[PDB]
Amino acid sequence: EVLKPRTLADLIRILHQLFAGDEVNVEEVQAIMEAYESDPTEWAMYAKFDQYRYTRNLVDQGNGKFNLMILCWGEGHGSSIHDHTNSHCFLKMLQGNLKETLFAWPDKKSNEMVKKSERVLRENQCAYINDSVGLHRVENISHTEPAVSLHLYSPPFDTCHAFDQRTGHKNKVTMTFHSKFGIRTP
């Protein structure tokens, strides 16, 4: 049924096709991303880790239609609570496991933020979020093993908001790249 990419390169070629149009079948993309079985030999050149925080490694720019990146989560590394600037956001496990916590959007009022969902992303699993779905944070469940995830964001975006869990108050964040196309960035 689902078109099974046999390599990361096959998957990228398919994604160029699915995003060439104006419509995007979210469930179709999710299934094909999930069908690709992670192969470290194919993405090791992008798995550039850092001691203190997770890293963002650009893989492909999707002919301007999407950002395809790989995120490298060290032991105990996790994200802030954040939004996704009106884009489709697909997140596939390549190695290890992320805990995904979904949060409701805060009010004008200051308040502890509310969890809507909490789950562990399995091997090769592809998850999906956008701003209408909620906010989230992802965390490596392991303090002894890394996690690696493949992210597709459509359209691409440079900035999002981080939210304080005690308050709901938000700061604008400009996202940066640790490496692009396997090459380290300034």
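The numbering used is simple: start at 1 and walk along the sequence shown.
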Avg C-alpha B-factor, entry values, 152-160 vs 54-62, higher side is 152-160
Stretch with higher mean Cα temperature factor, 141-149 vs 22-30, is 22-30
The residue of 99, 77, 92, 84 with the maximal C-alpha B-factor according to the PDB record is 84
Of the three thirds of Cα B-factor ranks in this chain, residue 173 occupies the highest
